[PDB]
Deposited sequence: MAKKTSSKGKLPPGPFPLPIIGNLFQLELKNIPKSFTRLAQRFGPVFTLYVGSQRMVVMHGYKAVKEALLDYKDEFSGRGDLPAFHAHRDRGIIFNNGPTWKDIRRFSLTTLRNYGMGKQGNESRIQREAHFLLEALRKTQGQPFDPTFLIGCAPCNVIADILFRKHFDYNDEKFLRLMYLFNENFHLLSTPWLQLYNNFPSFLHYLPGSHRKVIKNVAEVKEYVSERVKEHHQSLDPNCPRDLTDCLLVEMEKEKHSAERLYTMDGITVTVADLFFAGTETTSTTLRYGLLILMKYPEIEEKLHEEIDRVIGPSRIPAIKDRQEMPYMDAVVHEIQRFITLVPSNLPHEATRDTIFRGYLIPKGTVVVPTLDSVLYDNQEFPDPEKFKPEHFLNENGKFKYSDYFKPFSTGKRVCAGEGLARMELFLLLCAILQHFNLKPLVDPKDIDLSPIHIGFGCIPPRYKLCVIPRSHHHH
């Protein structure tokens, strides 16, 4: 039979068992009642939820081909079954694989690219002149430009209009997709798609991001030189000129825009948010910032640009960089998976096409691995001798068949960037540390941090 679960109602299914402002909290609640694997009908879509590390691991790692489907996500129909993030189609495996190699090869690697970005990041910060600013569209430019170098060999000035416009759309999409109305819509799309509302803005934003990618792509083709891949959208293009004679093609001008649109969005927004969350966290705990400042100076000093080698001798920072990703559970319910095959899991039948949800928050806040998981504590990642302590539970990028395609870059960005920033600036907040409320203001697709301002105070002059 199916995993156990509350008894669904006609039409709405299990919707009264779900707080829409906070699906993950409902999941945790249902997990107290029914254990680590359970069934939910939301609207008429059947859903199995895995909660806790044993169940989440097994699902992601033991059943790595039965659960490598991508659950549907209506707001993103313009990407469905193409690109990487949202194809559940035939076409995902190789587009993904190829995309992975290409990033590795552009990884003049990832450390220079990031390091060179840092120079413009630090400049923009200098330019705020210790006045109050909203960092959301200052610090975001940096992962935006890095992904944009790989993708288009393009580099944007920190206030070129289309630049700001792109980031803005990424940011609105991640925000909106974390709101109640978008959770309902994503599960009741036919009932709700032609009513007014928030879903339309997301759809219009998705389309707009595609148009801008689309053009960059037509432009790349119209001056393509197969001896010279200038970037990643080149390498995909080349891969399409190869197989033009074949009856089975898996590359489409539309497919390539999706692929790139995907990498652009994902490569910009999760990293931006995490950094922006970090700055708010470090500002709540001035003593943690302080320990950080003295460690940078000791190991790197006020001048020399940070570099990945510096990590293995910076155990506090490495602990902090991880604890920020653990504490915030940025994509708390993972992205949805679905069953490719009628599957048996702990003796339960999971019917093909069942959406499968390997919960990440429930792993990152394991009471056992991370005593006081609700509290931000770098020692969650320090052994009793002050050294870095790794955890099998550090899973904010998921794992297995659909693991983030960007994990390496992401992790490199968080450490070098958070290193740069702190090397040159003191963070300072416009309210007491005592008063910063770290709670996300929406929870769905993502965990979204409160809007805030800060000042950055130079350390070198």
Provide the list of deposited-sequence positions lacking C-alpha coordinates, grouped into contiguous ranges. 1-9, 117-119, 474-476
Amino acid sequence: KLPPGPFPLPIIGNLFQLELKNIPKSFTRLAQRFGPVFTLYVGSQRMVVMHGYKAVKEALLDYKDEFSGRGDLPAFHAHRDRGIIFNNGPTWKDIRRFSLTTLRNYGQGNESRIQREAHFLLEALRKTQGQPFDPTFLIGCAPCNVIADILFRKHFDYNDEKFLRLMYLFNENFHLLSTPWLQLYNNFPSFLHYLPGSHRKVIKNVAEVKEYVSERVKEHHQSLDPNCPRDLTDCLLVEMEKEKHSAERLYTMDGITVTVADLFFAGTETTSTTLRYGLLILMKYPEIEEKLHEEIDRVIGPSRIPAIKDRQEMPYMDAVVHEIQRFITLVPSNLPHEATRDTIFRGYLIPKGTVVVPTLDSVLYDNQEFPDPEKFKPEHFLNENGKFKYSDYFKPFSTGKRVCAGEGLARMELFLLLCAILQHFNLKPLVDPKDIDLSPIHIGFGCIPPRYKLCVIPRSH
From here on, numbers count along this sequence of modelled residues.
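For the two forms, the rigid core is made up of the largest set of C-alpha atoms that agree within 1.5 Å on superposition.
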Core fit done; bigger CA RMS in 5 other deposited structures of this protein for 323-331 or for 247-255? 247-255
Highest mean C-alpha temperature factor of the two stretches 339-347 and 216-224, which is it? 216-224
Entry-level comparison of average CA B-factors, 88-96 and 263-271, reporting the higher stretch: 88-96
Of the residues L169, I328, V238, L184, the one carrying the largest Cα B-factor as recorded: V238
Residue with maximal Cα B-factor (values as given in the PDB entry) among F137, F188, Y106, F76: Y106
Where does the C-alpha B-factor of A207 rank in its chain, lowest, middle or highest third? middle
Thinking about Cα B factors across the chain, which third does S178 belong to? lowest
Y63: CA temperature factor from the record, placed by chain third, in the highest
Which third of the chain does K434 land in by C-alpha B-factor: lowest, middle or highest? highest
Can you work out whether the C-alpha temperature factor of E323 puts it in the lowest, middle or highest third of the chain? lowest
